[PDB]
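Before any questions on binding or motion, here is one chain by itself as structure tokens, the form deposited in one PDB entry.
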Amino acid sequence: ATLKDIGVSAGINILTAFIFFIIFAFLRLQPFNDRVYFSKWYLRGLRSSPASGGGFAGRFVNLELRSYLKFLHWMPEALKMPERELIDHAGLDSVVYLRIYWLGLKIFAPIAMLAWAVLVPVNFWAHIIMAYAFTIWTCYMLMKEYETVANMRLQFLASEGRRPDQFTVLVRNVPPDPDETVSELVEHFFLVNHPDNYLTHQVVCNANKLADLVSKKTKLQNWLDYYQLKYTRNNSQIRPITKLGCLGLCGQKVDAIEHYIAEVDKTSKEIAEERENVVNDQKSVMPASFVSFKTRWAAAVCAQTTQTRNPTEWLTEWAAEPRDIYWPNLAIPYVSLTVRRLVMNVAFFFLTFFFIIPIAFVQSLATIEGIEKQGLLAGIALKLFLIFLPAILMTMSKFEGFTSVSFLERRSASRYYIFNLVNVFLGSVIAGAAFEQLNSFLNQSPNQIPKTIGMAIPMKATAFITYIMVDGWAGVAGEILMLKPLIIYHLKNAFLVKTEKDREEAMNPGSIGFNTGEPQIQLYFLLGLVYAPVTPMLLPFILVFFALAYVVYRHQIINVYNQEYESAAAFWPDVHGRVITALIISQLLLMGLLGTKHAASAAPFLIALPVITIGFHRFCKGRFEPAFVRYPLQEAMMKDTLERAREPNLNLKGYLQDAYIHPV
């Protein structure tokens, strides 16, 4: 646990990262791996077939050029593209996500210098002075970044080309009327309440079943497509037991190929059936619509205005890009939304507290099944749970009912933050023997709960240092290697490829993953902020994470990741608020570290710090936050007038009419 010991593990992790980088150098040279290493370039059409032409040499024939810049040159090259160019290459979302890593450096580097020039030499009022300076600097940098990101969002929103969401609102909870259809209600309402600028509307329909049937058809057509064209005739008719799939030659359904062709045909028959009972029924039509307006100004008005005396009916909000719309959740009743949120809130309480016990349950189950038909339960335990955490949290957000992928990712990121506040930091080691602490809290005569818990849950430094070195050093290095997407496309272009040209593209690497990546940055913001006034040891390792992550993610944003939506940095208020939470928690923990005994000339200052931080947060929520939630009417009018001058005769009707039909 000494500097020496920690430094040994540091060197090991630096080497692990370097090994990853070396493999990356080799794999990125392979012409057949370029599809999954330069995906963004192909998605942009700037690069051609994989290796600028594809299928060439330069692979294992020359391995990787023996040097130092083989596994290092990609770093300065990632830092070469200007930010403006990356805004048009990747998007504003990705550029401001990168700005969070730069913010971490802009905040922690100066405060690391301060903590290393005060604490370690002079080793108390120094702690409180440091705390103050740290919070002042953090807030100053947060305000400057709130301003820059807001100005970037506004510049982006103004220079953006026509988007259907700029003219549309999602009206929800349209009150049911026994004499009129949802469509008629909507049309009439917006023709009398927004007469001057109402253009068109698109009622939301529950086409979830039809969509799932179409998705099932495609899945089944591609299930045994590998087997269908393996050798045709009668191939390996595998039987993945119908309960979980995968498997293969395990159940009893041999039949034929292409997932037993008749099955694909019966799914097609059900698709036809559903199509009939979804277009001609008027019961699939949900109490919601997508109302478009002739001007962006009018849509802004509608989005930021109450329409009726019942503020829970005719709820109008800025619509999301048609590609950001999560259609399954647009068919969930509004009343249900609130109940689902509550159910998922308590399910999360359970997931963030009583989760080690179910993990131990499955661990014990795995020991039993391990004996039956070398093992040592490696890779399971909680590692697998941490890989599934983002997905579990995402399905929880989908249950809650968010109708935009952007918002779902933002909700999952907020949940992951709370998970990390509890299970990585305050409350990880306090969770002794499952709910033993909770049993004592239930049988506690007085209110000793905070006492017991707080006292023994502040966590340690050297242990956290190893976490940064494993998850934030070698972890971000593994990201550059893109192992799983490579494997996926390898076992797809060799398996179920059968494409006429380039239709079977499993090269898609998804996006940055705000629901996972941001929680990581925020956990290191938390760690670095809480420990800063106490120990200056966490800061150096946290800073290496920020620098490495900046470069690895910049590379991945320029070369691999493709944005699945464009929210124009709408998530920044969330980011800001989580660093504000980190700050407040830091000051609260310092109050505890320096409150017992101490002095009466310490508490007045350690109580002013949280207040100042909350006041700054409120100032920032009133100065910069509105830019991310409401479109200013002057900006909307400016865009409208300029567009109507450049294009005097645009038929917005056609463009906005079919924009919000369910993709099915």
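Numbering starts at 1 and follows the sequence shown. What we label the rigid core is the largest C-alpha set whose atoms superpose within 1.5 Å from one form to the other.
Note that the form deposited in another entry isn't included here; everything after this is about it.
After superposition on the rigid core, the single residue among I368, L191, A272, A262 whose C-alpha moves by 2 Å or more between the shown form and the other one is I368.
Relative to the superposed rigid core, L442 undergoes a CA displacement of at least 2 Å between the shown form and the other one. Superposition on the rigid core between the shown form and the other one places the CA atom of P358 2 Å or more away from its counterpart.
Once both forms are overlaid on the rigid core, the distance between the two CA positions of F385 between the shown form and the other one is 2 angstroms or more.
The distance between the CA atoms of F425 and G478 is at least 3 Å longer in the other entry than in the form shown here. Relative to the displayed conformation, the Cα-Cα distance from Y550 to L382 shrinks by 3 Å or more in the other entry.
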